[PDB]
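Have a look at coords18.pdb below; it lists PDB, N, CA and C atoms.
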```pdb
MODEL        1
ATOM      1  N   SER H   1       0.860  -1.217   0.000
ATOM      2  CA  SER H   1       0.000   0.000   0.000
ATOM      3  C   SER H   1       0.883   1.249   0.000
ATOM      4  N   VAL H   2       0.328   2.380  -0.342
ATOM      5  CA  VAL H   2       1.134   3.633  -0.358
ATOM      6  C   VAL H   2       0.703   4.524   0.812
ATOM      7  N   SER H   3       1.633   5.205   1.426
ATOM      8  CA  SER H   3       1.275   6.079   2.579
ATOM      9  C   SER H   3       0.962   7.496   2.090
ATOM     10  N   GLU H   4       0.299   8.275   2.901
ATOM     11  CA  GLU H   4      -0.042   9.669   2.498
ATOM     12  C   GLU H   4       1.244  10.483   2.337
ATOM     13  N   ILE H   5       2.063  10.515   3.354
ATOM     14  CA  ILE H   5       3.337  11.285   3.265
ATOM     15  C   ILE H   5       4.437  10.379   2.710
ATOM     16  N   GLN H   6       4.087   9.463   1.852
ATOM     17  CA  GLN H   6       5.110   8.545   1.281
ATOM     18  C   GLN H   6       5.870   9.253   0.157
ATOM     19  N   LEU H   7       5.184   9.977  -0.686
ATOM     20  CA  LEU H   7       5.894  10.683  -1.790
ATOM     21  C   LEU H   7       6.681  11.854  -1.220
ATOM     22  N   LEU H   8       6.409  12.189  -0.003
ATOM     23  CA  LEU H   8       7.144  13.301   0.656
ATOM     24  C   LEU H   8       8.391  12.717   1.320
ATOM     25  N   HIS H   9       8.411  11.421   1.490
ATOM     26  CA  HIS H   9       9.581  10.756   2.121
ATOM     27  C   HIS H   9      10.685  10.573   1.067
ATOM     28  N   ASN H  10      10.464  11.052  -0.129
ATOM     29  CA  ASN H  10      11.495  10.900  -1.195
ATOM     30  C   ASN H  10      12.400  12.133  -1.216
ATOM     31  N   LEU H  11      11.827  13.303  -1.303
ATOM     32  CA  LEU H  11      12.661  14.540  -1.325
ATOM     33  C   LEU H  11      12.050  15.582  -0.386
ATOM     34  N   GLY H  12      11.090  15.190   0.406
ATOM     35  CA  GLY H  12      10.457  16.157   1.345
ATOM     36  C   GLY H  12      10.922  15.855   2.770
ATOM     37  N   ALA H  13      12.102  15.315   2.917
ATOM     38  CA  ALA H  13      12.612  14.992   4.279
ATOM     39  C   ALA H  13      14.014  15.577   4.456
ATOM     40  N   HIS H  14      14.915  15.269   3.562
ATOM     41  CA  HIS H  14      16.300  15.803   3.688
ATOM     42  C   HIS H  14      17.216  15.085   2.695
ATOM     43  N   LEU H  15      17.946  15.821   1.902
ATOM     44  CA  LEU H  15      18.858  15.168   0.920
ATOM     45  C   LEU H  15      20.057  14.573   1.655
ATOM     46  N   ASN H  16      20.141  14.824   2.923
ATOM     47  CA  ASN H  16      21.270  14.285   3.732
ATOM     48  C   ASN H  16      20.828  12.989   4.418
ATOM     49  N   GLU H  17      19.582  12.628   4.268
ATOM     50  CA  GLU H  17      19.073  11.387   4.917
ATOM     51  C   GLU H  17      19.335  10.179   4.014
ATOM     52  N   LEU H  18      20.033  10.365   2.928
ATOM     53  CA  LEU H  18      20.305   9.212   2.024
ATOM     54  C   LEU H  18      21.691   9.358   1.394
ATOM     55  N   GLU H  19      22.577  10.066   2.035
ATOM     56  CA  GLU H  19      23.946  10.229   1.471
ATOM     57  C   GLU H  19      24.789   9.015   1.864
ATOM     58  N   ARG H  20      25.246   8.971   3.086
ATOM     59  CA  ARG H  20      26.059   7.807   3.536
ATOM     60  C   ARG H  20      25.128   6.702   4.008
ATOM     61  N   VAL H  21      24.136   6.991   4.810
ATOM     62  CA  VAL H  21      23.213   5.888   5.224
ATOM     63  C   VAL H  21      22.907   5.054   3.979
ATOM     64  N   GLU H  22      22.982   5.679   2.838
ATOM     65  CA  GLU H  22      22.790   4.956   1.564
ATOM     66  C   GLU H  22      24.008   4.075   1.346
ATOM     67  N   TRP H  23      25.106   4.726   1.133
ATOM     68  CA  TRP H  23      26.362   4.030   0.843
ATOM     69  C   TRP H  23      26.828   3.271   2.077
ATOM     70  N   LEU H  24      26.976   3.940   3.176
ATOM     71  CA  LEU H  24      27.404   3.267   4.436
ATOM     72  C   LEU H  24      26.845   1.839   4.493
ATOM     73  N   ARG H  25      25.617   1.659   4.083
ATOM     74  CA  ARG H  25      25.002   0.300   4.114
ATOM     75  C   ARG H  25      25.838  -0.669   3.273
ATOM     76  N   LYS H  26      26.074  -0.342   2.033
ATOM     77  CA  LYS H  26      26.873  -1.247   1.157
ATOM     78  C   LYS H  26      28.274  -1.448   1.745
ATOM     79  N   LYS H  27      28.650  -0.655   2.712
ATOM     80  CA  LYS H  27      30.006  -0.807   3.315
ATOM     81  C   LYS H  27      30.226  -2.259   3.747
ATOM     82  N   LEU H  28      29.200  -2.918   4.208
ATOM     83  CA  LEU H  28      29.361  -4.334   4.649
ATOM     84  C   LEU H  28      28.971  -5.281   3.512
ATOM     85  N   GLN H  29      27.947  -4.952   2.774
ATOM     86  CA  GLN H  29      27.521  -5.840   1.656
ATOM     87  C   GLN H  29      28.714  -6.117   0.738
ATOM     88  N   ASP H  30      29.191  -5.117   0.048
ATOM     89  CA  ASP H  30      30.355  -5.330  -0.859
ATOM     90  C   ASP H  30      31.639  -5.435  -0.033
ATOM     91  N   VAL H  31      31.541  -5.249   1.261
ATOM     92  CA  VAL H  31      32.744  -5.335   2.144
ATOM     93  C   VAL H  31      33.972  -4.748   1.442
ATOM     94  N   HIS H  32      34.277  -3.505   1.708
ATOM     95  CA  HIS H  32      35.462  -2.864   1.073
ATOM     96  C   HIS H  32      36.700  -3.722   1.326
ATOM     97  N   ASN H  33      36.942  -4.676   0.476
ATOM     98  CA  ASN H  33      38.129  -5.559   0.656
ATOM     99  C   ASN H  33      39.390  -4.705   0.800
ATOM    100  N   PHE H  34      39.466  -3.615   0.086
ATOM    101  CA  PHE H  34      40.671  -2.742   0.181
ATOM    102  C   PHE H  34      41.902  -3.516  -0.294
TER     103      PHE H  34
ENDMDL
END
```
Would you encode the structure as structure tokens?
Amino acid sequence: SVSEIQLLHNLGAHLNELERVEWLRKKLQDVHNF
């Protein structure tokens, strides 16, 4: 189902809420072998 403030959770919250929390996540998935 779709929420009322769901389309606002895309760019109506903060462009900083998906910078590293975005990438930081893959930090373990792809495990930076280095």
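The two atoms in question, CA of residue 30 (chain H) and CA of residue 15 (chain H), are spaced 23.6 Å apart.
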For atom N of residue 12 (chain H) and atom C of residue 29 (chain H), quote the distance in Å rounded to one decimal. 27.7 Å
Select from chain H everything DSSP, run on the backbone, classes as helix (DSSP H, G or I), then give the selection as a ChimeraX atom specification. /H:4-6,8-11,20-31
If you keep N, CA and C atoms, can you produce a file of those selected residues as a PDB file, in the coordinates of the input?
```pdb
ATOM      1  N   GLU H   4       0.299   8.275   2.901  1.00  0.00           N
ATOM      2  CA  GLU H   4      -0.042   9.669   2.498  1.00  0.00           C
ATOM      3  C   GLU H   4       1.244  10.483   2.337  1.00  0.00           C
ATOM      4  N   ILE H   5       2.063  10.515   3.354  1.00  0.00           N
ATOM      5  CA  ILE H   5       3.337  11.285   3.265  1.00  0.00           C
ATOM      6  C   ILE H   5       4.437  10.379   2.710  1.00  0.00           C
ATOM      7  N   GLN H   6       4.087   9.463   1.852  1.00  0.00           N
ATOM      8  CA  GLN H   6       5.110   8.545   1.281  1.00  0.00           C
ATOM      9  C   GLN H   6       5.870   9.253   0.157  1.00  0.00           C
ATOM     10  N   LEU H   8       6.409  12.189  -0.003  1.00  0.00           N
ATOM     11  CA  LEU H   8       7.144  13.301   0.656  1.00  0.00           C
ATOM     12  C   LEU H   8       8.391  12.717   1.320  1.00  0.00           C
ATOM     13  N   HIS H   9       8.411  11.421   1.490  1.00  0.00           N
ATOM     14  CA  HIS H   9       9.581  10.756   2.121  1.00  0.00           C
ATOM     15  C   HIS H   9      10.685  10.573   1.067  1.00  0.00           C
ATOM     16  N   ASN H  10      10.464  11.052  -0.129  1.00  0.00           N
ATOM     17  CA  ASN H  10      11.495  10.900  -1.195  1.00  0.00           C
ATOM     18  C   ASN H  10      12.400  12.133  -1.216  1.00  0.00           C
ATOM     19  N   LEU H  11      11.827  13.303  -1.303  1.00  0.00           N
ATOM     20  CA  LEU H  11      12.661  14.540  -1.325  1.00  0.00           C
ATOM     21  C   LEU H  11      12.050  15.582  -0.386  1.00  0.00           C
ATOM     22  N   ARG H  20      25.246   8.971   3.086  1.00  0.00           N
ATOM     23  CA  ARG H  20      26.059   7.807   3.536  1.00  0.00           C
ATOM     24  C   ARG H  20      25.128   6.702   4.008  1.00  0.00           C
ATOM     25  N   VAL H  21      24.136   6.991   4.810  1.00  0.00           N
ATOM     26  CA  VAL H  21      23.213   5.888   5.224  1.00  0.00           C
ATOM     27  C   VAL H  21      22.907   5.054   3.979  1.00  0.00           C
ATOM     28  N   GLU H  22      22.982   5.679   2.838  1.00  0.00           N
ATOM     29  CA  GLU H  22      22.790   4.956   1.564  1.00  0.00           C
ATOM     30  C   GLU H  22      24.008   4.075   1.346  1.00  0.00           C
ATOM     31  N   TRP H  23      25.106   4.726   1.133  1.00  0.00           N
ATOM     32  CA  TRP H  23      26.362   4.030   0.843  1.00  0.00           C
ATOM     33  C   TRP H  23      26.828   3.271   2.077  1.00  0.00           C
ATOM     34  N   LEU H  24      26.976   3.940   3.176  1.00  0.00           N
ATOM     35  CA  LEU H  24      27.404   3.267   4.436  1.00  0.00           C
ATOM     36  C   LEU H  24      26.845   1.839   4.493  1.00  0.00           C
ATOM     37  N   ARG H  25      25.617   1.659   4.083  1.00  0.00           N
ATOM     38  CA  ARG H  25      25.002   0.300   4.114  1.00  0.00           C
ATOM     39  C   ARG H  25      25.838  -0.669   3.273  1.00  0.00           C
ATOM     40  N   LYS H  26      26.074  -0.342   2.033  1.00  0.00           N
ATOM     41  CA  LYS H  26      26.873  -1.247   1.157  1.00  0.00           C
ATOM     42  C   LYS H  26      28.274  -1.448   1.745  1.00  0.00           C
ATOM     43  N   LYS H  27      28.650  -0.655   2.712  1.00  0.00           N
ATOM     44  CA  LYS H  27      30.006  -0.807   3.315  1.00  0.00           C
ATOM     45  C   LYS H  27      30.226  -2.259   3.747  1.00  0.00           C
ATOM     46  N   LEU H  28      29.200  -2.918   4.208  1.00  0.00           N
ATOM     47  CA  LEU H  28      29.361  -4.334   4.649  1.00  0.00           C
ATOM     48  C   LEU H  28      28.971  -5.281   3.512  1.00  0.00           C
ATOM     49  N   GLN H  29      27.947  -4.952   2.774  1.00  0.00           N
ATOM     50  CA  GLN H  29      27.521  -5.840   1.656  1.00  0.00           C
ATOM     51  C   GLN H  29      28.714  -6.117   0.738  1.00  0.00           C
ATOM     52  N   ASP H  30      29.191  -5.117   0.048  1.00  0.00           N
ATOM     53  CA  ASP H  30      30.355  -5.330  -0.859  1.00  0.00           C
ATOM     54  C   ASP H  30      31.639  -5.435  -0.033  1.00  0.00           C
ATOM     55  N   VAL H  31      31.541  -5.249   1.261  1.00  0.00           N
ATOM     56  CA  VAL H  31      32.744  -5.335   2.144  1.00  0.00           C
ATOM     57  C   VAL H  31      33.972  -4.748   1.442  1.00  0.00           C
TER      58      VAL H  31
END
```
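Distance-wise, atom N of residue 27 (chain H) and CA of residue 6 (chain H) end up 25.3 Å apart.
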